[PDB]
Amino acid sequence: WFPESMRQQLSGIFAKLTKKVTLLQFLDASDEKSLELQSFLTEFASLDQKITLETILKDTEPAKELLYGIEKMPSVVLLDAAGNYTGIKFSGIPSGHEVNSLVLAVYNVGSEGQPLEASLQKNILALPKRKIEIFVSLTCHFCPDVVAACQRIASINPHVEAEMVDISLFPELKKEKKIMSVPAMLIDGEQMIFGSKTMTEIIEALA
């Protein structure tokens, strides 16, 4: 899944990791996309000692599934070093260009993150409880930026959750919610917001 070209870049980033991180997949052994995700994550986890992949079979741990709100499949969530749910989730496989999203989520959970303005970080911490779904395709070039911003907010604010959704895996959901444009944010199952958005714009929408 990862060319040595990528591994050169990812090692630069993973060198910055100061805290351990756990990727927890809920694996349905009878679903091909779950097995693909397992193959992807196994290789991804091998990129750094601080990244652990753990596997739980779907429908064996209902208390955990409740705790992490596991609905869409395939599914993987991010846990911090202490074992706590960061609110960061991927529904589908974040392969192709979405590797960017997974890398940034791991970086933000396994480090202190990039220097940020007190103005921005105040607003992030000030945000109320919220659940964000970021709909993407694997070939959408502007999608990872939006995903990474929302999931960075989730990594800082304990009440914000940010779920990447590969919309091409959920065609019925695409019609229902009317995801027409390629990157789309859905907040608390209500307000749709399409197109690229800055951190400050996202924070405002979350306010």
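Residue numbers run from 1 along the displayed sequence.
In this entry, the higher average B-factor at the C-alpha atoms falls on 168 to 176, of the pair 168 to 176 and 139 to 147. In this entry, the higher average B-factor at the C-alpha atoms falls on 177 to 185, of the pair 177 to 185 and 59 to 67. Taking the deposited Cα B-factors for 133, 117, 98, 80, the highest one is held by 117. Note on the listed residues 128, 94, 74, 110: the highest Cα temperature factor in the record is that of 128.
Compared with the other modelled residues of the chain, the Cα B-factor recorded for residue 193 ranks in the highest third. The entry lists a Cα temperature factor for residue 84 that places it in the middle third of the chain's modelled residues. In this PDB entry, residue 17 carries a Cα temperature factor that places it within the middle third of its chain's modelled residues.
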